[PDB]
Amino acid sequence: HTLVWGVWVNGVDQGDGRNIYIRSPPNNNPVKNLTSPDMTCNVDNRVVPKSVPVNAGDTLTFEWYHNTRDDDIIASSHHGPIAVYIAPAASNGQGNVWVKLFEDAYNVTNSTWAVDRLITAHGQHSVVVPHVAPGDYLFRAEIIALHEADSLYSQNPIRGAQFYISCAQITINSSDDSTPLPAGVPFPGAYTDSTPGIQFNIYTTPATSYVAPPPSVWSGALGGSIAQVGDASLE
């Protein structure tokens, strides 16, 4: 149970974005139904009044929280991967449009899940903005908590993988469009019951065996990290 508070750009806090530049749901409940329209941008997908300006090569940081800003972030039990996708805003997230910019699942060296590292990062994880066409975009950050993912929601609706999905309105201003955006995947649609990483038992299968759900990260993506960029408590 977690939500996005806002974003930072190049280490500068853009301010509370909830219902402003983040298409925020009313609470931190998970989405579990893989075939639901809620998989696109969570349960209250609508245009919100602002879009955060960035240029290609900037670092865009999403900041999550549980109940209040810079708290426990997400329950430790919720081990699982983190991804970020991008789609042009004209799609409203429909169709075959979401392109993966970032994936982190399990880190063998550190013996930590992406979620574990997100808590240590005070909720903060980043992507470098790609050299796509200037315009308006949706950035879809997705945490998959696997603590009940040994079951499928479609079979047992009280269990299943949990998706914590947040879409940010981002306007890319300066970019040379040297890596135009490729074909993407649909949400809902990309994840199905048979997709690797949707059903998995974190308690008996080694975490070194986990494979996150495709798609693979686009070759044009400029990477990203799970790491604190700014101190919220210094506001």
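Numbering starts at 1 and follows the sequence shown.
Annotation for 13-21 versus 219-227: the higher mean temperature factor (C-alpha) is found in 219-227.
Comparing 40-48 with 198-206, the higher mean C-alpha B-factor in the PDB entry belongs to 198-206.
For the set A149, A133, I82, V128, the maximum C-alpha B-factor listed in the entry falls on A133. Per the PDB record, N96 has a higher Cα B-factor than any other of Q155, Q162, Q124, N96.
Placement of the Cα temperature factor of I170 within the chain: lowest third of the modelled residues, per the deposited record. In the PDB entry, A87 places in the lowest third of its chain by CA B-factor. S178 sits in the highest third of its chain by CA B factor, as recorded in the PDB entry. Annotation for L101: C-alpha temperature factor in the middle third relative to the rest of the modelled chain, per the entry. Per-chain ranking of the deposited C-alpha B factor places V108 in the highest third.
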